[PDB]
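S.K.: Once you've had a glance at the structure underneath, I'll fire off some questions.
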Amino acid sequence: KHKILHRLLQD
Amino acid sequence: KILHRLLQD
Amino acid sequence: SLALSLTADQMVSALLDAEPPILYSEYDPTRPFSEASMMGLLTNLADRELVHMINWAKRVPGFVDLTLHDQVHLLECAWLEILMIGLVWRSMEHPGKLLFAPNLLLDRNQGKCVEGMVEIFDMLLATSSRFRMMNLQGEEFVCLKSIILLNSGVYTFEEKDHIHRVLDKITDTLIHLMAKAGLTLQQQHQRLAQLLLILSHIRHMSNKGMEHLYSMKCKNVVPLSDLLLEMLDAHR
Amino acid sequence: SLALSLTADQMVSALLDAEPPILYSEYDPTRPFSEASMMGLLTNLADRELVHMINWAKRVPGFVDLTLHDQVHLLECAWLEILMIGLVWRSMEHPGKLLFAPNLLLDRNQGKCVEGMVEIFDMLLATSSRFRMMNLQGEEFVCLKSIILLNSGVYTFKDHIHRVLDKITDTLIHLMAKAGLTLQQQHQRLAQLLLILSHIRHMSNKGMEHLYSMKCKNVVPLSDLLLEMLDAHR
Ligand SMILES: CC/C(=C(/CC)c1ccc(O)cc1)c1ccc(O)cc1
Ligand SMILES: CC/C(=C(/CC)c1ccc(O)cc1)c1ccc(O)cc1
């Protein structure tokens, strides 16, 4: 699923 | 309070 | 204080001698499961355990030196953590199952009989798996359980200074045990930390369980005992 | 993993260097606060802190070696514990007060502005006082905060995380032996510190429920990020 947390962790 | 009583005796 | 005079071995012996018994459930394996019946079983069991727990706490070194008000608070704080760590200890040699009583051994699928209970079962099972992993000893278990009694409500209250002194004595005890088990100084500190970190997850389970228990009370599917209701209301 | 090869001193520096910055709140000096305004300030702050927290987490030795899902799990489990222990740490030198931000230092009674918040404030204030009396050091603090990150979600999943957890314990002990504490004082303090983590868990769980209620009460719009971190606990 889309997760703002995913983005922050990957960035 | 039950706990209070049970603690007492 | 008598608690401050006990040696490590004397501490272990006192804690072991104070162990509550393992109660049976009113469980009848002939009448299968409903949400109301299992909840009944679990809460009935907890109610009976609670009476033993209260009399056990009095035998925990240092606990009798506290004011009555402080005793009530600690037990009100810790009662479900203590029920849970006992449960996890019992279940340690039953992989995938929670031994609530010798005649009531449940895996997670039965936890689905009650709404949201399976989340709690899973956490308890993971904790039992952890104890199994660590090869947790009974001597260590009784130390941890008394730490929970004294520690969980100590931040929500001289009186505390006494408690922290007893807590320290139990730390001394855990370390003495590990040194006897042939553990190096490093291994002692590592195991010590490992044991105390588990108490964080035990708090977490109690917190969730308390919320689940409160919701069931409002759901009104099975009569909770007077003592359990009072304990439950002590968290609100 | 690279974390296990690190020495104790190297671990302390790595953690110290990963520390997030102390962010500010809004400079609107209108007092007192309303419920909505205090709620707005707190949630706005936590929102911005969360972004830095993720940066911090990725710099916690061993955390990068975890899969993305594991990282996500640990952070979703521990995020409020981590905000709170940081809050409590910052508030240590301000007895009776919570230093949410340098320009947002709140006393006990200001917690009354939000219903059910004063109970959370009292628990945080007691935790800060406990840290104060223990003379908690920054090196110990960062070790504890890392422990929370790695430990709180590890039983809701192992060896790698637990090895790193062991590494921090070693690091903690190393710090205490450094301060001249005796062996008995060393494990006694170790125990005292780790037991406070149980109370931090309790506070987080209390705070999580309060946040959830405020979501349902719809007093203040919560960010998608904060909502998602919150959704992970229900
Ligand atoms: C997890 C079930 C449980 C309880 C304690 C009453 C429970 C029951 C129903 C709920 O909705 C929540 C918790 C319990 C009972 C006895 C033990 O020795 C340990 C745990
Ligand atoms: C306790 C307030 C709080 C939060 C985090 C969002 C909160 C806000 C409103 C609630 O109803 C409950 C908790 C928080 C915010 C920033 C921190 O660094 C630490 C804690």
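Identifiers in the structure tokens: chain A, B, ... in order shown; residue index from 1 per chain; ligand index from 1 in order shown.
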Residues near residue 174 (chain D), anyone? I mean within 10 Å using only C-alpha atoms, not counting same-chain ones fewer than 3 positions away, as a ChimeraX atom specification.
M.R.: /D:8-9,12,168-171,177-179,186
S.K.: Identify, counting only C-alpha atoms and all ligand atoms, the protein, DNA and RNA residues located within 7 Å of ligand 1, and give them as a PyMOL selection string.
M.R.: chain C and resi 39+42-43+45-46+49+80+83-84+86-87+100+117+120-121+209-210+212-213+216
S.K.: Go ahead and dump the residues you just picked, N, CA and C atoms, as a compact mmCIF listing (two decimals), in the first residue's frame.
M.R.:
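See again18.txt below for the written result:
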```
# COMPACT_ATOMS: atom_id res chain seq x y z
N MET C 39 -15.16 -15.97 27.14
CA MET C 39 -15.00 -14.77 27.95
C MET C 39 -15.31 -15.08 29.40
N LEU C 42 -12.38 -17.20 30.72
CA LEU C 42 -11.16 -16.43 30.91
C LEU C 42 -11.29 -15.47 32.09
N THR C 43 -12.43 -14.80 32.19
CA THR C 43 -12.65 -13.84 33.27
C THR C 43 -12.90 -14.54 34.60
N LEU C 45 -11.63 -17.42 35.42
CA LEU C 45 -10.29 -17.84 35.80
C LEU C 45 -9.49 -16.68 36.39
N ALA C 46 -9.52 -15.53 35.72
CA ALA C 46 -8.74 -14.39 36.16
C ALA C 46 -9.20 -13.93 37.53
N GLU C 49 -7.73 -16.27 40.01
CA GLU C 49 -6.30 -16.00 40.09
C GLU C 49 -6.01 -14.72 40.86
N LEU C 80 -2.97 -7.14 35.45
CA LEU C 80 -3.13 -7.88 34.20
C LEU C 80 -1.77 -8.26 33.59
N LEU C 83 -0.98 -11.33 35.55
CA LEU C 83 -1.74 -12.46 35.01
C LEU C 83 -1.12 -12.93 33.70
N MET C 84 -0.70 -11.98 32.88
CA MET C 84 -0.20 -12.29 31.54
C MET C 84 1.18 -12.96 31.57
N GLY C 86 2.36 -14.69 33.94
CA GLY C 86 2.14 -16.01 34.51
C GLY C 86 1.66 -16.96 33.43
N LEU C 87 0.73 -16.47 32.62
CA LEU C 87 0.16 -17.23 31.52
C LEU C 87 1.24 -17.63 30.52
N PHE C 100 -3.95 -21.48 29.79
CA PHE C 100 -4.64 -20.68 30.79
C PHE C 100 -4.80 -21.48 32.07
N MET C 117 -9.62 -10.59 20.31
CA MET C 117 -8.83 -11.34 21.28
C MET C 117 -7.64 -12.02 20.62
N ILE C 120 -4.47 -10.25 20.92
CA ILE C 120 -3.85 -10.39 22.23
C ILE C 120 -3.19 -11.77 22.37
N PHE C 121 -3.90 -12.82 21.94
CA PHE C 121 -3.35 -14.18 21.95
C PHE C 121 -2.01 -14.23 21.23
N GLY C 209 -5.03 -5.38 26.41
CA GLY C 209 -5.98 -6.28 27.05
C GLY C 209 -6.98 -5.52 27.89
N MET C 210 -6.51 -4.51 28.61
CA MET C 210 -7.37 -3.67 29.43
C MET C 210 -8.42 -2.95 28.59
N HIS C 212 -9.44 -4.00 25.63
CA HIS C 212 -10.32 -5.03 25.10
C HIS C 212 -11.33 -5.43 26.17
N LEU C 213 -10.85 -5.55 27.40
CA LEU C 213 -11.70 -5.91 28.52
C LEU C 213 -12.76 -4.84 28.78
N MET C 216 -15.51 -5.10 26.18
CA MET C 216 -16.38 -6.24 26.43
C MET C 216 -17.37 -5.93 27.55
```
S.K.: Need to verify the contact set: residue 1 (chain B), 12 Å, only C-alpha atoms, exclusion of same-chain residues closer than 3 positions in sequence. Can you return it as a PyMOL selection string?
M.R.: (chain B and resi 4-8) or (chain C and resi 68-69+72-73+76+226-231+233-234)
S.K.: Could the residues that lie within 6 Å of ligand 2, counting only C-alpha atoms and all ligand atoms, be listed as a list in words?
M.R.: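 Within the 6 Å cut-off, the matching residues are residues 39, 42, 43, 45, 46, 83, 84, 87, 100, 207, 210, 211 and 214 of chain D.
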S.K.: Go ahead and save the picked residues with C-alpha atoms, as an mmCIF file, in the first residue's frame.
M.R.:
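The result, written out as selection20.cif:
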```
data_model
loop_
_atom_site.group_PDB
_atom_site.id
_atom_site.type_symbol
_atom_site.label_atom_id
_atom_site.label_comp_id
_atom_site.auth_asym_id
_atom_site.auth_seq_id
_atom_site.Cartn_x
_atom_site.Cartn_y
_atom_site.Cartn_z
ATOM 1 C CA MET D 39 -4.067 20.342 19.847
ATOM 2 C CA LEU D 42 1.111 19.626 19.379
ATOM 3 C CA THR D 43 0.041 17.710 16.274
ATOM 4 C CA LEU D 45 4.969 19.758 15.989
ATOM 5 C CA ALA D 46 4.852 15.963 16.134
ATOM 6 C CA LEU D 83 8.580 11.388 20.543
ATOM 7 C CA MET D 84 7.769 11.089 24.236
ATOM 8 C CA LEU D 87 10.099 15.261 24.958
ATOM 9 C CA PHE D 100 7.678 20.690 23.508
ATOM 10 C CA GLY D 207 -1.339 8.891 24.236
ATOM 11 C CA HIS D 210 -6.120 10.069 23.349
ATOM 12 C CA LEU D 211 -4.980 10.878 19.821
ATOM 13 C CA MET D 214 -9.283 13.486 19.191
#
```
S.K.: Work out how far apart CA of residue 88 (chain C) and CA of residue 123 (chain C) are and give it in Å to one decimal.
M.R.: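 Taking CA of residue 88 (chain C) as the start and CA of residue 123 (chain C) as the end point, the length is 9.8 Å.
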S.K.: Please report as a PyMOL selection string which residues of chain C come no farther than 7 Å from chain D, using only C-alpha atoms.
M.R.: chain C and resi 123+126-127+152+155-156+168+171+189-190+193+196-197+199-201+203-204+207
S.K.: Got time to write the residues from that selection, N, CA and C atoms, as a PDB file, in the first residue's frame?
M.R.:
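Okay, result-v4.pdb is ready:
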```pdb
ATOM      1  N   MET C 123       0.148 -11.886  20.675  1.00  0.00           N
ATOM      2  CA  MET C 123       1.213 -11.223  21.408  1.00  0.00           C
ATOM      3  C   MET C 123       1.680 -12.083  22.569  1.00  0.00           C
ATOM      4  N   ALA C 126       3.778 -14.852  21.148  1.00  0.00           N
ATOM      5  CA  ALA C 126       5.095 -14.366  20.747  1.00  0.00           C
ATOM      6  C   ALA C 126       6.001 -14.210  21.967  1.00  0.00           C
ATOM      7  N   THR C 127       5.399 -13.829  23.094  1.00  0.00           N
ATOM      8  CA  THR C 127       6.118 -13.641  24.350  1.00  0.00           C
ATOM      9  C   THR C 127       6.568 -14.984  24.901  1.00  0.00           C
ATOM     10  N   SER C 152       5.413  -1.240  37.928  1.00  0.00           N
ATOM     11  CA  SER C 152       4.479  -0.725  36.931  1.00  0.00           C
ATOM     12  C   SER C 152       3.724   0.521  37.381  1.00  0.00           C
ATOM     13  N   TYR C 155       5.570   4.927  38.998  1.00  0.00           N
ATOM     14  CA  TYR C 155       5.683   6.241  38.362  1.00  0.00           C
ATOM     15  C   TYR C 155       4.352   6.992  38.357  1.00  0.00           C
ATOM     16  N   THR C 156       3.316   6.369  38.911  1.00  0.00           N
ATOM     17  CA  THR C 156       1.976   6.950  38.886  1.00  0.00           C
ATOM     18  C   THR C 156       1.429   7.188  40.293  1.00  0.00           C
ATOM     19  N   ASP C 168      16.127  -2.799  43.113  1.00  0.00           N
ATOM     20  CA  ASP C 168      17.572  -2.995  43.022  1.00  0.00           C
ATOM     21  C   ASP C 168      18.015  -4.348  43.590  1.00  0.00           C
ATOM     22  N   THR C 171      17.289  -6.952  41.121  1.00  0.00           N
ATOM     23  CA  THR C 171      18.293  -6.881  40.068  1.00  0.00           C
ATOM     24  C   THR C 171      19.522  -7.671  40.501  1.00  0.00           C
ATOM     25  N   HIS C 189      24.759  -9.054  31.709  1.00  0.00           N
ATOM     26  CA  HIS C 189      24.136  -7.773  31.398  1.00  0.00           C
ATOM     27  C   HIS C 189      23.239  -7.864  30.174  1.00  0.00           C
ATOM     28  N   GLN C 190      23.624  -8.695  29.215  1.00  0.00           N
ATOM     29  CA  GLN C 190      22.830  -8.855  28.004  1.00  0.00           C
ATOM     30  C   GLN C 190      21.514  -9.567  28.304  1.00  0.00           C
ATOM     31  N   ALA C 193      19.198  -7.250  30.386  1.00  0.00           N
ATOM     32  CA  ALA C 193      18.500  -6.320  29.505  1.00  0.00           C
ATOM     33  C   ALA C 193      17.392  -7.020  28.722  1.00  0.00           C
ATOM     34  N   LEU C 196      14.361  -7.596  30.926  1.00  0.00           N
ATOM     35  CA  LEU C 196      13.627  -6.378  31.255  1.00  0.00           C
ATOM     36  C   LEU C 196      12.957  -5.743  30.044  1.00  0.00           C
ATOM     37  N   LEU C 197      13.523  -5.951  28.859  1.00  0.00           N
ATOM     38  CA  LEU C 197      12.901  -5.427  27.652  1.00  0.00           C
ATOM     39  C   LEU C 197      11.582  -6.141  27.369  1.00  0.00           C
ATOM     40  N   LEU C 199       9.461  -6.864  29.551  1.00  0.00           N
ATOM     41  CA  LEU C 199       8.471  -6.227  30.413  1.00  0.00           C
ATOM     42  C   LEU C 199       7.782  -5.068  29.719  1.00  0.00           C
ATOM     43  N   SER C 200       8.462  -4.479  28.739  1.00  0.00           N
ATOM     44  CA  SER C 200       7.877  -3.429  27.931  1.00  0.00           C
ATOM     45  C   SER C 200       6.730  -3.986  27.104  1.00  0.00           C
ATOM     46  N   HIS C 201       6.954  -5.145  26.502  1.00  0.00           N
ATOM     47  CA  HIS C 201       5.917  -5.758  25.691  1.00  0.00           C
ATOM     48  C   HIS C 201       4.810  -6.328  26.561  1.00  0.00           C
ATOM     49  N   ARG C 203       3.825  -4.870  29.336  1.00  0.00           N
ATOM     50  CA  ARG C 203       3.021  -3.678  29.593  1.00  0.00           C
ATOM     51  C   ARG C 203       2.088  -3.406  28.418  1.00  0.00           C
ATOM     52  N   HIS C 204       2.603  -3.596  27.206  1.00  0.00           N
ATOM     53  CA  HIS C 204       1.857  -3.266  25.996  1.00  0.00           C
ATOM     54  C   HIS C 204       0.641  -4.170  25.859  1.00  0.00           C
ATOM     55  N   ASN C 207      -1.954  -3.221  28.438  1.00  0.00           N
ATOM     56  CA  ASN C 207      -2.634  -2.022  27.969  1.00  0.00           C
ATOM     57  C   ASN C 207      -3.715  -2.336  26.948  1.00  0.00           C
TER      58      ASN C 207
END
```
S.K.: Report as a ChimeraX atom specification: the residues of chain B with a DSSP assignment of alpha helix (DSSP H), based on the backbone of this structure.
M.R.: /B:2-8
S.K.: What separation in Å, quoted to one decimal, exists between CA of residue 148 (chain C) and CA of residue 17 (chain C)?
M.R.: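 For CA of residue 148 (chain C) relative to CA of residue 17 (chain C), the distance reads 18.0 Å.
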S.K.: Rounded to one decimal, what separation in Å do you get between CA of residue 51 (chain D) and CA of residue 221 (chain D)?
M.R.: 18.3 Å
S.K.: Which of these residues is nearest to residue 179 (chain C), using only C-alpha atoms: C:71, C:8, C:97, C:222?
M.R.: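 For residue 179 (chain C), the nearest of the candidates is C:8.
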S.K.: Near chain D, meaning an atom within 7 Å, which residues of chain A appear when counting only C-alpha atoms? Write them as a compact mmCIF listing (two decimals) with C-alpha atoms, in the first residue's frame.
M.R.:
```txt
# COMPACT_ATOMS: atom_id res chain seq x y z
CA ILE A 4 4.01 8.37 3.47
CA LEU A 5 6.36 6.48 5.79
CA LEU A 8 10.32 9.13 3.98
CA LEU A 9 12.29 5.95 4.68
```
S.K.: Taking 6 positions as the minimum chain separation for residues in the same chain, which residues sit within 7 Å of region 62-64 of chain C when counting only C-alpha atoms? Answer as a list in words.
M.R.: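 Counting only the stated atoms, we get residues 1, 3 and 166 of chain C.
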